[PDB]
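*Asks:* Here's a structure for you.
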Amino acid sequence: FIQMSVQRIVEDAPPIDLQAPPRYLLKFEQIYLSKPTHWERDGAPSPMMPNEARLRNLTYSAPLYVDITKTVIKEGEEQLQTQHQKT
Amino acid sequence: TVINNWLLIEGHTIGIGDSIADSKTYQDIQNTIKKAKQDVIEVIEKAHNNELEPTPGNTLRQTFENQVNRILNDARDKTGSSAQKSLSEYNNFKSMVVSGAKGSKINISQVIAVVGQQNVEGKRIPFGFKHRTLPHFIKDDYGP
Amino acid sequence: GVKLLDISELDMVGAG
Amino acid sequence: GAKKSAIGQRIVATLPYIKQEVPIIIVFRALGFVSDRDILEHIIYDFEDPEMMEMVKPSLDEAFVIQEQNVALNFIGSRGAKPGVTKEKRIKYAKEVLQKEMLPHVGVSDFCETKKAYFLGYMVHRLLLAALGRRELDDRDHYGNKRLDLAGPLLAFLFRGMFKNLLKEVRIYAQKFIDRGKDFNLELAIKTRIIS
Amino acid sequence: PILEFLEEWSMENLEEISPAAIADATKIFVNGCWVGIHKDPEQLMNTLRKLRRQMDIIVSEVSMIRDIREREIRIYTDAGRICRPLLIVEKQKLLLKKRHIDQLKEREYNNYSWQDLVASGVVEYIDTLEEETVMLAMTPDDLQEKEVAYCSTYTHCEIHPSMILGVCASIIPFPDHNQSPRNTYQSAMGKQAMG
Amino acid sequence: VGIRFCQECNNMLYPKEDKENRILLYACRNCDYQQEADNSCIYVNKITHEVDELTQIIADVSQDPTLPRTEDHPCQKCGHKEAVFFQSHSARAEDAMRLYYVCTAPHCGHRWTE
Amino acid sequence: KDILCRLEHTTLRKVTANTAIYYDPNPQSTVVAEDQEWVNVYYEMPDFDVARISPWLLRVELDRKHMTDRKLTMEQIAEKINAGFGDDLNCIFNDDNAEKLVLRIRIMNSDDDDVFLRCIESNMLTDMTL
Ligand SMILES: [Zn+2]
Ligand SMILES: [Zn+2]
């Protein structure tokens, strides 16, 4: 599920395209998973051991990131394509 | 109170020796089982050659099933009876059965001689696989 | 396939 | 009654997103096979077997009035869950349903229609082999017909709907800003909690 | 990869055949999708089993079932199918030999493990669908030895029958000497036991 | 028994009577096409249905390992000793435990019943 | 056993081997050569064929086994059919001399023309009681 199905689920989803005017397009391409990480009150990442999750009533989960390519067309035969990495 | 206190002097148990029959009894049971399997094979061969004729009111499958079922039933109860005759008076299974305290003669036969036919919804085990009860048999095998 | 990220490549955006 | 079984027992088919079972030959004409010989070629592979032919006689007889793909598509569209008020919408809706909902594992492109037709033929062919007693009815609790959804497929099932919700949410946010004529920040669009 | 291999072989796609040729040929299904037809099913299945047993293009968990009576070859690759390993039998002989047992005795400090057993084509995973097309030996010591013949064509052989049991039923000593309701009751009670 | 198709639309030819000649004609409806119907039989249905299973048996079942094999019955077309025996196990092959036999020899798919 | 046969419901389909709708436009002739003999035995005297009988034919075979088991004879089935349908169906039956128990049916000569016989067949097989 993690290695293949998540990637295929994001990839086969329809690309978003919107208009009111400038056309906007959004596309999800690549997926990233870190290890299970805990953010403290200050917000510092640290590796979350599962025993800490058991004791502190946390959830032994890892964050999910996706590279999002936004392509905006301003009806002038130009396409500005900006790729946000690790969203 | 009185019987429970006398039983401390008498005592009552149940063990492996109460489930053991002599070698002659085992040989008789095995001979009965071999005879039953042989006559089941003869019934199967009669059915395969179209020699078996259906009884009135029953199809040919029903006739064959009735024949083999009565065959295995009489084999089972004959083996159980022979095992019952082999029981000694000190045999604790017999002591608990004749008193009616627990168990039955069928329990003694199943423990000693033959567990017997296993039935699902009042019939023999059905062909869950393609014409087979398990992958370890050949297709169209109606043996015991 | 899904790429793995080490903990050092996680920017401190979750705190901002 | 008197004339229902005079033709004989026939074959009907009930499809997704249709509020009424439709005759099978109507479905085949909708797929684009109007000739009876072409349909029976997709259904019956041995034409020298009379029994299969007598089985499929009344199904042909019921659908004989319709003799064109457009007529069959209108027939299907009239009986839809949301029927088209006009004939064009009915045919378009029936075409979409056959395109995407009827046996999608065979294919979703239009050029897979032939494959779908063959598969549909095979389906009714199996039914005929059950009707003629040439094949045993498949057993429901036969465990070869079962599958086990584990953590993998089950979490995939959830993640699909949840990713759908997330994309709908960022769609709403981006369209809120687009209708206002201004640009939107991508980070604020994503409601993370919809997954988390 | 299954579709690519079959296209490389003489499997005829449905688009490139008249319906007249379907009657005398065997239908080929892949995950329930009728891909095409094939006219020599036996050697095709021999090739597919050869590829699966070698860990070639076909992976182990792919399950192939030939319905000879209905002239169908259904290949399944999706998840959710249950299977178990069975020892392969050829000409009333196990493909497992003493050399494999010797290698497995030194499982440590040799890097010979179960996966090499699967790769050697001695043991293969069989699913309940393919079990219908399998003639299985209970134990190699007697069921396939020469005698008054019951069946001379065994395709597989069980590793040990005791593995039919689950986890809680396998801690029962001598369960074959019990009444089966009490085996079920113990399977419940071991779950409830202290430890 | 005979099933006939049109030559212009390949739709099903329905039987019809020309009473002007008192002759059966397999006529195409919605195509005004007619043929000389000479089968002279429009319906039939075997309610007794004693239909042969050797017609229905496929010779490729000789390759099945799960089936029973025997040497008691040699083949009558090649004399091969081994033969695979089984039952119909089908409705319309009504309840009867008889054995149909297939010659195990390749290229000799002889079927018979005892 | 006689009383058992008298009360146990027997329909036409129980005793029939098969049927066939022939055409046979000339009722003097038959498409089946074996039929022509006893049909001529019933056609030296006209029986509702002086006018044009319907040029279809419904020919049924009755199982000798079930006919003997249920103590049924050839004539009483025809009597039951004529009672059920009046003279709308002209029914002839072969003389009881062989296991081929043939019964021919045509529509009355005062008379769909063809599939109406199929409706009559689907009716008489199930609902009609011997
Ligand atoms: Zn025509
Ligand atoms: Zn031969």
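Naming works like this for the structure tokens: A, B, ... for the chains as they're shown, residue 1 at the start of each chain, ligands 1 onward in shown order.
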Using only C-alpha atoms and a cut-off of 9 Å, which residues of chain D sit close to chain A? Please list them as number ranges by chain.

*Replies:* D: 151-153, 155-156, 159-160, 163-164, 167, 171, 174-175, 178-181, 186-187, 196

*Asks:* Name the residues, by chain letter and number, that sit within 9 Å of ligand 1 using only C-alpha atoms and all ligand atoms, and give them as a VMD selection string.

*Replies:* chain F and resid 5 to 13 27 to 34

*Asks:* Counting only C-alpha atoms and all ligand atoms, name the residues that have an atom within 7 Å of an atom of ligand 2; the answer should be given as a short mmCIF file (atom, residue, chain, number, x, y, z; two decimals) with C-alpha atoms, in the first residue's frame.

*Replies:*
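Written file, pocket13.cif:
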data_model
loop_
_atom_site.label_atom_id
_atom_site.label_comp_id
_atom_site.auth_asym_id
_atom_site.auth_seq_id
_atom_site.Cartn_x
_atom_site.Cartn_y
_atom_site.Cartn_z
CA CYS F 75 -9.26 -48.37 -26.39
CA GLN F 76 -11.15 -49.61 -29.44
CA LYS F 77 -9.41 -47.31 -31.98
CA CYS F 78 -5.72 -47.79 -31.05
CA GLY F 79 -5.70 -50.58 -28.45
CA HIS F 80 -4.15 -48.39 -25.75
CA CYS F 103 -8.56 -43.07 -24.34
CA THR F 104 -5.46 -41.66 -22.64
CA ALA F 105 -3.32 -42.02 -25.78
CA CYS F 108 -6.68 -40.69 -30.09
CA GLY F 109 -9.54 -38.91 -28.34
CA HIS F 110 -11.86 -41.90 -28.49
#

*Asks:* Please report, as a ChimeraX atom specification, each residue of region 25-153 of chain E to which DSSP assigns alpha helix (DSSP H) when run on this structure's backbone.

*Replies:* /E:41-53,98-105,114-119,128-131

*Asks:* Using only C-alpha atoms, find the residues of chain E whose closest atom to chain B is at most 6 Å away, then write them as a PyMOL selection string.

*Replies:* chain E and resi 132+135-137

*Asks:* Since we have the selection now, will you write its residues out, keeping C-alpha atoms, as an mmCIF file, in the first residue's frame?

*Replies:*
data_model
loop_
_atom_site.group_PDB
_atom_site.id
_atom_site.type_symbol
_atom_site.label_atom_id
_atom_site.label_comp_id
_atom_site.auth_asym_id
_atom_site.auth_seq_id
_atom_site.Cartn_x
_atom_site.Cartn_y
_atom_site.Cartn_z
ATOM 1 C CA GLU E 132 -9.220 -27.853 -7.852
ATOM 2 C CA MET E 135 -3.897 -33.962 -7.297
ATOM 3 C CA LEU E 136 -2.207 -33.725 -3.904
ATOM 4 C CA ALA E 137 -0.317 -36.345 -1.883
#

*Asks:* Using only C-alpha atoms, I'd like every residue of chain C that has an atom within 7 Å of chain A; please write them out as a ChimeraX atom specification.

*Replies:* /C:1-7,14-15

*Asks:* Quick one: everything within 7 Å of residue 28 (chain D), counting only C-alpha atoms, minus sequence neighbours fewer than 4 positions away in the same chain. Send it as a count of residues only.

*Replies:* 5

*Asks:* At a cut-off of 10 Å, can you tabulate as CSV every residue of chain G near chain F together with its closest atom pair and the distance in Å to one decimal, using only C-alpha atoms and ordering rows by chain then number?

*Replies:*
residue,atom,partner,partner_atom,distance
G:13,CA,F:47,CA,7.7
G:14,CA,F:47,CA,8.9
G:15,CA,F:48,CA,9.3
G:16,CA,F:47,CA,7.0
G:17,CA,F:48,CA,4.5
G:18,CA,F:46,CA,4.8
G:19,CA,F:44,CA,5.7
G:20,CA,F:44,CA,4.4
G:21,CA,F:43,CA,5.0
G:22,CA,F:41,CA,4.3
G:23,CA,F:40,CA,5.7
G:24,CA,F:40,CA,7.2
G:25,CA,F:22,CA,6.3
G:26,CA,F:22,CA,8.6
G:31,CA,F:40,CA,7.3
G:55,CA,F:22,CA,7.8
G:56,CA,F:17,CA,9.4
G:57,CA,F:41,CA,9.4
G:58,CA,F:43,CA,9.1
G:59,CA,F:44,CA,9.7
G:60,CA,F:44,CA,9.7
G:61,CA,F:48,CA,9.8
G:62,CA,F:48,CA,9.7
G:63,CA,F:48,CA,8.3
G:113,CA,F:17,CA,9.2
G:114,CA,F:16,CA,8.4
G:115,CA,F:42,CA,9.9
G:118,CA,F:43,CA,8.3

*Asks:* Using the selection just defined, write its residues with C-alpha atoms as a PDB file, in the first residue's frame.

*Replies:*
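Output file out-v3.pdb follows:
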ATOM      1  CA  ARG G  13     -45.246 -33.488 -19.813  1.00  0.00           C
ATOM      2  CA  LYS G  14     -44.659 -36.435 -17.455  1.00  0.00           C
ATOM      3  CA  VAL G  15     -45.603 -38.993 -20.136  1.00  0.00           C
ATOM      4  CA  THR G  16     -44.201 -37.218 -23.238  1.00  0.00           C
ATOM      5  CA  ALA G  17     -40.796 -38.017 -24.701  1.00  0.00           C
ATOM      6  CA  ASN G  18     -40.717 -35.080 -27.129  1.00  0.00           C
ATOM      7  CA  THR G  19     -42.825 -33.074 -29.559  1.00  0.00           C
ATOM      8  CA  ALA G  20     -42.356 -31.394 -32.915  1.00  0.00           C
ATOM      9  CA  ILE G  21     -44.338 -28.815 -34.874  1.00  0.00           C
ATOM     10  CA  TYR G  22     -44.101 -29.965 -38.482  1.00  0.00           C
ATOM     11  CA  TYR G  23     -45.901 -28.229 -41.356  1.00  0.00           C
ATOM     12  CA  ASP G  24     -47.280 -31.078 -43.540  1.00  0.00           C
ATOM     13  CA  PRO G  25     -49.719 -28.974 -45.617  1.00  0.00           C
ATOM     14  CA  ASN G  26     -51.549 -31.904 -47.215  1.00  0.00           C
ATOM     15  CA  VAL G  31     -43.483 -35.577 -43.624  1.00  0.00           C
ATOM     16  CA  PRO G  55     -51.890 -26.856 -42.567  1.00  0.00           C
ATOM     17  CA  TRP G  56     -49.753 -27.084 -39.407  1.00  0.00           C
ATOM     18  CA  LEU G  57     -49.166 -30.279 -37.425  1.00  0.00           C
ATOM     19  CA  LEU G  58     -48.195 -30.882 -33.777  1.00  0.00           C
ATOM     20  CA  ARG G  59     -46.801 -34.411 -33.325  1.00  0.00           C
ATOM     21  CA  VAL G  60     -45.999 -35.681 -29.810  1.00  0.00           C
ATOM     22  CA  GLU G  61     -44.336 -38.913 -28.657  1.00  0.00           C
ATOM     23  CA  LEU G  62     -45.532 -40.516 -25.409  1.00  0.00           C
ATOM     24  CA  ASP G  63     -43.133 -42.587 -23.311  1.00  0.00           C
ATOM     25  CA  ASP G 113     -52.022 -20.058 -37.156  1.00  0.00           C
ATOM     26  CA  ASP G 114     -48.538 -21.347 -36.207  1.00  0.00           C
ATOM     27  CA  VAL G 115     -47.314 -19.920 -32.883  1.00  0.00           C
ATOM     28  CA  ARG G 118     -46.703 -23.275 -29.575  1.00  0.00           C
TER      29      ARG G 118
END

*Asks:* Could the residues of chain G that have an atom at most 12 Å from chain D be listed as a tab-separated table, each with its closest atom pair and the distance in Å to one decimal, counting only C-alpha atoms and ordered by chain and ascending residue number?

*Replies:*
residue	atom	partner	partner_atom	distance
G:112	CA	D:3	CA	10.9
G:114	CA	D:6	CA	10.9
G:115	CA	D:6	CA	7.2
G:116	CA	D:6	CA	7.9
G:117	CA	D:6	CA	8.6
G:118	CA	D:6	CA	5.4
G:119	CA	D:6	CA	4.4
G:120	CA	D:6	CA	7.9
G:121	CA	D:6	CA	7.9
G:122	CA	D:6	CA	6.0
G:123	CA	D:2	CA	7.0
G:124	CA	D:2	CA	10.7
G:125	CA	D:5	CA	11.5
G:126	CA	D:5	CA	11.2
G:127	CA	D:2	CA	11.0

*Asks:* Could you list the residues in chain E lying within 9 Å of chain F, using only C-alpha atoms, and format the result as a PyMOL selection string?

*Replies:* chain E and resi 42+68-71+132-136+150-155

*Asks:* Would you return as a PDB file with C-alpha atoms, in the first residue's frame the members of region 4-195 of chain E that DSSP assigns to strand (DSSP E or B) on this structure's backbone?

*Replies:*
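As a result, selection23.pdb now contains:
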ATOM      1  CA  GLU E  12      -4.368 -14.531 -30.416  1.00  0.00           C
ATOM      2  CA  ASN E  13      -5.938 -11.258 -29.279  1.00  0.00           C
ATOM      3  CA  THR E  26      -9.178 -22.181 -25.176  1.00  0.00           C
ATOM      4  CA  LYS E  27     -10.125 -18.807 -23.707  1.00  0.00           C
ATOM      5  CA  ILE E  28      -7.435 -16.916 -21.762  1.00  0.00           C
ATOM      6  CA  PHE E  29      -8.472 -14.731 -18.812  1.00  0.00           C
ATOM      7  CA  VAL E  30      -6.161 -12.428 -16.841  1.00  0.00           C
ATOM      8  CA  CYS E  33     -10.521 -10.005 -18.262  1.00  0.00           C
ATOM      9  CA  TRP E  34     -10.818 -12.163 -21.382  1.00  0.00           C
ATOM     10  CA  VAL E  35      -7.642 -11.209 -23.231  1.00  0.00           C
ATOM     11  CA  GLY E  36      -7.613 -13.695 -26.111  1.00  0.00           C
ATOM     12  CA  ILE E  37      -7.495 -17.358 -27.139  1.00  0.00           C
ATOM     13  CA  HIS E  38      -4.886 -20.097 -27.503  1.00  0.00           C
ATOM     14  CA  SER E  63      -2.064 -18.410  -9.858  1.00  0.00           C
ATOM     15  CA  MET E  64      -2.959 -20.219 -13.097  1.00  0.00           C
ATOM     16  CA  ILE E  65      -5.978 -22.541 -13.356  1.00  0.00           C
ATOM     17  CA  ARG E  66      -6.792 -24.658 -16.435  1.00  0.00           C
ATOM     18  CA  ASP E  67     -10.411 -25.764 -16.688  1.00  0.00           C
ATOM     19  CA  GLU E  72     -10.321 -22.016 -20.069  1.00  0.00           C
ATOM     20  CA  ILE E  73      -7.027 -20.752 -18.634  1.00  0.00           C
ATOM     21  CA  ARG E  74      -7.669 -18.223 -15.854  1.00  0.00           C
ATOM     22  CA  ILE E  75      -4.574 -16.369 -14.619  1.00  0.00           C
ATOM     23  CA  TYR E  76      -4.986 -14.365 -11.407  1.00  0.00           C
ATOM     24  CA  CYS E  83      -2.383 -19.596  -0.976  1.00  0.00           C
ATOM     25  CA  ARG E  84       0.042 -21.969   0.714  1.00  0.00           C
ATOM     26  CA  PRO E  85       3.266 -23.719  -0.341  1.00  0.00           C
ATOM     27  CA  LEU E  86       3.172 -27.291  -1.634  1.00  0.00           C
ATOM     28  CA  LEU E  87       6.080 -29.498  -2.655  1.00  0.00           C
ATOM     29  CA  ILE E  88       6.181 -30.183  -6.386  1.00  0.00           C
ATOM     30  CA  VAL E  89       5.945 -33.821  -7.516  1.00  0.00           C
ATOM     31  CA  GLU E  90       7.172 -35.147 -10.874  1.00  0.00           C
ATOM     32  CA  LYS E  93       8.942 -38.302  -7.038  1.00  0.00           C
ATOM     33  CA  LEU E  94       9.508 -35.231  -4.905  1.00  0.00           C
ATOM     34  CA  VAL E 123       8.040 -25.794  -3.621  1.00  0.00           C
ATOM     35  CA  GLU E 124       5.383 -23.490  -5.082  1.00  0.00           C
ATOM     36  CA  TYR E 125       2.471 -21.467  -3.747  1.00  0.00           C
ATOM     37  CA  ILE E 126      -0.913 -22.952  -4.678  1.00  0.00           C
ATOM     38  CA  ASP E 127      -4.170 -21.062  -4.108  1.00  0.00           C
ATOM     39  CA  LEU E 136      -2.207 -33.725  -3.904  1.00  0.00           C
ATOM     40  CA  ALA E 137      -0.317 -36.345  -1.883  1.00  0.00           C
ATOM     41  CA  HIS E 156       1.951 -31.886  -5.410  1.00  0.00           C
ATOM     42  CA  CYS E 157       2.642 -33.181  -1.903  1.00  0.00           C
TER      43      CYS E 157
END

*Asks:* Find, counting only C-alpha atoms, the residue in D:137, D:158, D:195, D:56 that gets nearest to chain B.

*Replies:*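 Between D:137, D:158, D:195, D:56, the residue approaching chain B most closely is D:137.
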
*Asks:* Using Å and a single decimal, report how far CA of residue 101 (chain F) sits from CA of residue 67 (chain B).

*Replies:* 25.5 Å

*Asks:* Near residue 14 (chain B), counting only C-alpha atoms, which residues have an atom at most 8 Å away, once you skip same-chain residues fewer than 3 positions from it, shown as a PyMOL selection string?

*Replies:* chain B and resi 18+92-93

*Asks:* For the selection just defined, write its residues with N, CA, C and O atoms to a file, as a short mmCIF file (atom, residue, chain, number, x, y, z; two decimals), in the first residue's frame.

*Replies:*
data_model
loop_
_atom_site.label_atom_id
_atom_site.label_comp_id
_atom_site.auth_asym_id
_atom_site.auth_seq_id
_atom_site.Cartn_x
_atom_site.Cartn_y
_atom_site.Cartn_z
N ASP B 18 -8.95 -48.11 30.48
CA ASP B 18 -10.39 -48.27 30.28
C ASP B 18 -10.80 -48.08 28.82
O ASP B 18 -11.90 -48.50 28.45
N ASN B 92 -13.98 -48.65 33.52
CA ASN B 92 -14.65 -47.50 34.12
C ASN B 92 -15.63 -46.84 33.15
O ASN B 92 -16.62 -46.24 33.59
N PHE B 93 -15.37 -46.92 31.84
CA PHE B 93 -16.34 -46.46 30.86
C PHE B 93 -17.67 -47.20 31.03
O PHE B 93 -18.74 -46.58 31.07
#
